[PDB]
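The chains carry the letters A, B, C, D, E and F, assigned in the order they are written, with residues numbered from 1 in each.
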Amino acid sequence: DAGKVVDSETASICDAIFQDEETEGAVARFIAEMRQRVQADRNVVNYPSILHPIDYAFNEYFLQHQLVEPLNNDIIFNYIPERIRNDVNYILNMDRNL
Amino acid sequence: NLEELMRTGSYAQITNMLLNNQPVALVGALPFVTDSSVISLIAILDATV
Amino acid sequence: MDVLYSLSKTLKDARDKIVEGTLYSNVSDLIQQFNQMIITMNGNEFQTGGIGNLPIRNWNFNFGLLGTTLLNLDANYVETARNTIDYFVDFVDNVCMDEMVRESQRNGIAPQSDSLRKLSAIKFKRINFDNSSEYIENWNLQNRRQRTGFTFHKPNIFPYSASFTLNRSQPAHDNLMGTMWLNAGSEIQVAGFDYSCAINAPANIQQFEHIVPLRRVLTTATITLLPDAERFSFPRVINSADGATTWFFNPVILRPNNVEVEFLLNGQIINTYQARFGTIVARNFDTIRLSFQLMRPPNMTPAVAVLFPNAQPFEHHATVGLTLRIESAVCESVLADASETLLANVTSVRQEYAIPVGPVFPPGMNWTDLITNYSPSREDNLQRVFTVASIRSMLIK
Amino acid sequence: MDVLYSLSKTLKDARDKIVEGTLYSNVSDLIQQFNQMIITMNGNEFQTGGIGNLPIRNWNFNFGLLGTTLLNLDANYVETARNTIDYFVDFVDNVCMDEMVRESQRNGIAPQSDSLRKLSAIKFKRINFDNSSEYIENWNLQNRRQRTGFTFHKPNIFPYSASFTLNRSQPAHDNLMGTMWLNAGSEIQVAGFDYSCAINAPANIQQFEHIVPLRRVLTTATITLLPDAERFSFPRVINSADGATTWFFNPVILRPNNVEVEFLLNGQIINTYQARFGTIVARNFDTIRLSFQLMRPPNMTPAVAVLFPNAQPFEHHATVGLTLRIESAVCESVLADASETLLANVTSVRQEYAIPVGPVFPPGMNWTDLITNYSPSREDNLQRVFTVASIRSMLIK
Amino acid sequence: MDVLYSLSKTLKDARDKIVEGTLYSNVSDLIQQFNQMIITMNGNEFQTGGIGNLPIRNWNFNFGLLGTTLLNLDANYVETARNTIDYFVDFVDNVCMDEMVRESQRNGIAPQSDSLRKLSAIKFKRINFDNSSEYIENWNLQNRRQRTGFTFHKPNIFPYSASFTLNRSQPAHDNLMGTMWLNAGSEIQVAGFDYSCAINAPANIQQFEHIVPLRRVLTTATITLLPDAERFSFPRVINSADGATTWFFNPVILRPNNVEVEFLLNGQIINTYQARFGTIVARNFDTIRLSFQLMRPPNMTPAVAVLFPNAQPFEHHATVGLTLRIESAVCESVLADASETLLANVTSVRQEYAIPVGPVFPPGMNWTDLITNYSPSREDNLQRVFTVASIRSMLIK
Amino acid sequence: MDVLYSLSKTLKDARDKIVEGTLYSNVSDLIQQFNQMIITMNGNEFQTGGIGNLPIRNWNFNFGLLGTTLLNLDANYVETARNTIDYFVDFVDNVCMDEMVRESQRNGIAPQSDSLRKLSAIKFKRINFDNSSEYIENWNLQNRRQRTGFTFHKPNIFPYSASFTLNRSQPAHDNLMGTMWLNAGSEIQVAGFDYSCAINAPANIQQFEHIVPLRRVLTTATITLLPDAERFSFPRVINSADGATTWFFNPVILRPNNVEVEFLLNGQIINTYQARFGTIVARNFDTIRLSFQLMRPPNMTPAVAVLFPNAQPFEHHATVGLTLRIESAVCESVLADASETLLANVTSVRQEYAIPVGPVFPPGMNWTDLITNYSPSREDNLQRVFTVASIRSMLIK
């Protein structure tokens, strides 16, 4: 199904398993069935990965505690300390959207 | 369907159906070799392809 | 024989496990088992029926393997599996019905119907999923000659028998004294009747003895004991053994005295209980013996002296009754039990296709005659047919 | 619908399999199912209760994933598992209780409460696990119109109706000839009584007939036939039909002869049994019609000449009876059984909060009146409630 | 305790699923668990027997490990597996039989035999296959101070007692009015009898009351109620407590009116039923109280007008009967029933080796003597022995 | 099943829309469906017939494809379509007329004919265009277990039983008191009559009750009701119940008093109507109970006083009138009415080819006899036959 994988070594492992004359066909079909499904309406994507459970747990923990935060013009407008915006002698201006 | 088996990679069914001598019928866009040789038909050749 | 149970178990698991939404790892073993089954079963044609009104059908398995999906299933895969499930359940039902209606005096452990014999070859032994049920475990353990048994609740073992005995008899039939019993189903009711109120017997006490044999031994049985006869206490006009004249019966129940319940093994005393009533336990037995005494009351009020005089004529006779009822037990050989619908299924399949009385089973699958002439060959045939019926009762509810 | 059963099954499996010390290669799939269910069930609010005295409850789900790296389960993992399992158990119990009591006369095979309606959408369908019990798989099979089956043990199928009829009567109730029958539970005892012992009837043989129509369809039922009525043999003072007078009864039991028992399906003869007492077996029937005979004995003894005088007076009357019981049966619909606690469960849950009732279920789940009039909508509602009760019994005892 | 059940379940799985031809992928978890169990149990010494007449045996665990390499299982694999299995199951059965034959008056929840004492150590807590069995689940629930439950078919819970109490008595015993009852098994028969049919009692109506308590808490019980009790519907001659007096009882079953049942718990009303019959149900009750009225029919026929004279000379006495049978119910404590083989197996094992009577259990495992003085410590000991007996029942079928 | 209806709908739309001079952009979907159907069906063999007089015909689909590139359909394309359309309509007519006359005593909802069995495979399920008729929607929703409904106008549900009942009777018919009713078709007509005109009655008021049950439930009924019997108000002479004598009827009509009509379901009051005489509506009912009282005129003119004498001999006999008609209803099972051309078509296609009487349907397709013993198997068979008839009713009208 012309899928894409997470890491180059993951691709190497998939190629090794897909091509080994001593291996059955169920695992090969499962390998061939891997495909990323993208849902851009909620800004979420899914990828396949092969890891030891410790590595998978670490990767999930890294994924679910990212430090990013949605950005808007009013957020930067509020990023300035209050005792500057509140005063009149200083005026702020923007020139681009976000 | 040959293409389904190829893309999926599950070769068990066709391998068993070939080794255990059970009639089957493969379907797929396959070029064929024209054999204008009756002696080639006498010495059975359409069993090792 | 094991292949049919494997088919039934795997069909139930496939029907009740492959539903939309489940994770792929939940059906991995089942998917591989189904794949192996489809690989092994394709090609080998089979034929069912051929006897009686059961239609002679043909089977040629022409199904491909199943797919898979990493995240969750899709309904198209579900219906693709379901069509094959329908074909397989139809095949299993037909072969079970074919196996049900063949029997012979020769060794019944071996399969009889040709479909099962063709299935039981080495070429199809790879499809053997598990043996976790009860009857299949019993069959497998009996194959290797080990300790075997079945769980019974209210076992319908004792044959229908309504007979009576006499100790003293008169052609006029007005001075009867003896024992009358009715051992129907799992309930044993024994009543010892006297007309003279033991006014002539020594020590003013009359002894009644009753004995009933059992064909197959029982283990760890529980029996309730009630010192009464809630059934043999009505006025009766009972036909005599002559066959043309009847005599009159009129019981009055006193509390039984010296009730002795006995459990013996091959004429050896095992369990004894004196003056105990309620749910008792017997370790092991194969015969039942009851002994009790009817005692004339030491003191008679007028309502008593009116009925039991020193004179000859009697109209209100005396009788003491005993109740025996078996609740649950485990028997070495298979017995027709009441907690399961095995006998009903067997007789339904036997009677649907108008199969006449065979050389083993009595006509109409009547249980009393069969259990009255129990034999090891009949035991093996009954075990086989019960196991086949249990396998069949798993797919068509 | 199946989502609630899947929740019950996964909770039970987690509670009886997630125990410290087990190998991790034994509950991997179960833990995967648990984690996926937790992921799918997060962030959705649910309102339960709001009818009758049942309290209104609110539920919010917000939990992190479990651990999957250990190889031997220890105190912390099982502790967290039990901590979340208690909350899930409370959720399942309250949701089942709230959804159970509600009833409707329209589409009684669809979800009825807010919780089930919200939990049967597309998104929450990825939590179905298996269908291992019998009631849920019967539900699934009946949903897509497959053959329905149910195994019962001595089920209350016949209604309760203690009514009697008389063929020959008198204005003062001294010379009678009629039938009595007590139909209750799964027991049928029909008795025929003739005061004159068929001295005015031709051929000295008097025939009693009776019909008992079952309210549904049975299949593969075992019947024990004791040829003596246990009830209609004691002295009685019974009120007459008009309710203005009561008459005396002094029966004496005579054995019945030429006993005919028949089982008819769709108004046609299917099975015929004659003069065979003990154990009988039938495959499929809907109406039980019993016909037996009472014959005056040809010759009598001095103890019998006082029983049936041809003269005017009558004080003791020839009486016969048949005992018909069902020890096991299989039906296509749902009926209250004697081996499980479905009807008891629904009655208890309904009476604990006293939900107001309309023209949907009979008052207080009166089983006799329910069997009296049986509409298909009532059947569907009862089946749904019983399935919900079966789900409930898996988790909370 | 739970470790023993885990071992039993693993042994059953190894005995059953390891058959020739199956795919090795289907028992990979099973074979890994079996190897882990062998590793854990190896290199330890256990002793059994020593009290009563149990043959003392010594076990030493020196065993190999099953291979994890073969693609498809073969015959030698099965033979080695069974070679290990026979010794393991013999050890399990002997441990159970040694545990059953020792009791402690205090702290019955703890192991008593040496084997279970050794298995309580944390080192042997590495084998916890599952807890799917209902009894083991109940044991685990009881081990954590939480609610339990059980499901039974016709559980014998009522104490065995046979006595009658008179309200009006005379030395000559010809004018009596009292209540007669018999609480045997799971059925209750209560009959109130009067000799004058309320000719002198106020308002021509006689009130009867009857109380039978219980020692445990039944819950969710389906109760069958039928009138005109069976056992007290024929003449009786019964002795009295005076030790020298015998009286006669001639019953004539009238019709019962205004039947009142009252299910009480902790001296409070929970379920009340009036003028209803057939099949009823109560949610939670502790004791049963019955009330009914014996009514004299104001309108009579001559055949009745002779039955009830208006003077002291009485020819026939009057009474009414009520039957109460518990078909299905749910309890929180272990109870011996008619649909299981636990108590019977315990008694059989006790009598097989002839263990002398202990300090707690009454001699011979007499059920009535156990229930008449039921104590919570006895309840805990009974729960322990029943759980170990259920563990035993999974091995020998 | 649904495949056949889809083919029928496709053929009907092809008949309607394929005319010379149309625009292709209006029938594009129909042409696409037609091409898909002809691609699928091409290359198959069929057999139809077997019973009665229907000929054995062999059908082969070998027609070429149809172009879609022309902007306006011309005569050549018209005839090219029409030839194949006629062939297909003949084929579907043949298969429908084959399937209509066959039925089974069990599993009647399932197909039985060879052609319908063959057309139920997996690949052929890729042709299903539309389900827009009421019967097909009913079948599809029934197969999915939801609320069904069939509309009717004047539903012919009342069984034909013209029976009269007498209570106060004499051998010579000199003074009568009873009820005579006629319930035929979709109209109910009852009339209570008394020869004494309530002259020796308790306060000049005589009651008459009439209860008429229905075999199947009904919903959403509009009722037309008139207080005058239109049939039992004429001088008539009808043979009595003795079978060998005749009696005369001399009616005089009054207005009925206290006209109460009850629409009850499951023994519960649903709707009541008093002193209303037409165009009333009852929502949901199954059983109708009509009761009324006949009253002596409180005051009379000389003519009426002479007509009704206080003495015994009467010239004219009083009688009350009542008629009830059901206008529209919706049922859950298929019925017959006077607004559908389905029953006539079924009977015609049955009797035309001389089909012998089957095992379930009584001979001649009598509707009163069939509805007298309405059974679920009969329900399924009638549903199947009527649905196939409705499908056929569009190919050729």
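One rule holds in what follows: contacts are C-beta pairs under 8 Å (C-beta built on N, C-alpha and C of every residue); 3 or more make two chains touch, one makes a residue touch a chain.
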Going by CA means, which chain is nearest the middle of everything shown?
D
Which of these, C-E or D-F, gives back the C-D interface, meaning over half of its contact pairs coincide by residue number?
C-E
With contacts defined as at the top, give the pair, A-C or D-E, that has more of them.
D-E
Whole-Å separation of chain centres (CA-atom averages), chain B against chain C
57
Nearest whole angstrom, what separates the Cα centre of chain B from the Cα centre of chain D?
60
Nearest whole angstrom, what separates the Cα centre of chain A from the Cα centre of chain B?
46
Would you please write down the residue numbers of chain B that are in contact with two or more other chains?
8, 10, 12
Could you please specify the touching residues of chain D with respect to chain A in the complex?
65, 67-69
Where on chain D is chain E touching in the complex?
15-17, 19-23, 25-26, 72, 153-154, 156, 159-160, 172-174, 184-185, 230-231, 234-239, 244-248, 336-341, 343-345, 347-348, 351-352, 365-368, 393, 397
Hey, which residues of chain A end up touching chain B in the complex?
1, 18, 24-26, 28-29, 31-33
Which part of chain D faces chain F closely enough to touch in the complex?
105-107, 109-110, 142-145, 217, 266-267, 359, 362, 369, 372-373, 375-376, 378
Residue ranges of chain D in contact with chain C within the complex
2, 28-29, 32-33, 36, 125-132, 134, 137-138, 140-141, 147-151, 153, 219-222, 224, 226-228, 230, 233-234, 251-255, 271, 276-284, 297-304, 307, 316, 318, 327-330
